[PDB]
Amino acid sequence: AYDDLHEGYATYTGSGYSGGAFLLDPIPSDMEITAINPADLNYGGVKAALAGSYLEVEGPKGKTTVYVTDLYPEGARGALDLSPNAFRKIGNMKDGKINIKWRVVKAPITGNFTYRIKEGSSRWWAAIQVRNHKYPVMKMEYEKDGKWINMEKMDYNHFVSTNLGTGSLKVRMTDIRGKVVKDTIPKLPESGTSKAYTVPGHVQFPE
């Protein structure tokens, strides 16, 4: 059915503010964040499906919302590793591990997607990340010669393809609800950029 909660346990950690597997840096220190177990992270057989999602997390002392910035490698199904500023709002940190119920919620954000084009990217091979997205990005495609080509999502929260073609890149993104939106990204470099770079986008998933 429509919007189920997930039972699990929360622990806490100070990692994930920097060097998180989803390459979402910089994370401001006042942000409530979490790492997420692999089974839940990879919903639908899509690697990093929940990367950059937001979760409402309910514990014994209340509820709070966290930004998913990292993998919780040894986490069981249902398990989250929150930042302590988030954890304290829903449980006593003396307890170390707490019972929780969580679910994906609409991101508390404004504006459009922002894209990050990974170092190494070119017309030959590219890795494109979506940031500032209101719901998990389950799918990304690009058009080439009138056909839409699926992009595999990677563990490091970018969508990848090869031989994408020349000129501007028409892309389309699908969320966890199945809503599809469409955008354009400027032509990829002749050859691999030494640095990742940012492209502010011009669409957002519907409310």
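Residue positions are given as counts along the sequence shown, with the first one as 1.
Remark: stretch with higher mean C-alpha B factor among 93-101 and 80-88 is 93-101. Stretches 43-51 and 159-167 differ in mean C-alpha B factor, with the higher average recorded for 159-167. The entry lists C-alpha B-factors for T174, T64, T69, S29, and the highest of these is at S29. The PDB entry assigns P60 a C-alpha temperature factor belonging to the highest third of its chain's modelled residues. Among the modelled residues of its chain, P38 has a C-alpha B-factor that falls in the lowest third according to the deposited record. Among all modelled residues in this chain, the alpha-carbon of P73 has a temperature factor (C-alpha) in the highest third. When all modelled residues of the chain are sorted by CA temperature factor, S122 is found within the highest third. For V203, the recorded CA B-factor ranks within the middle third of the chain. Only modelled residues enter the ranking.
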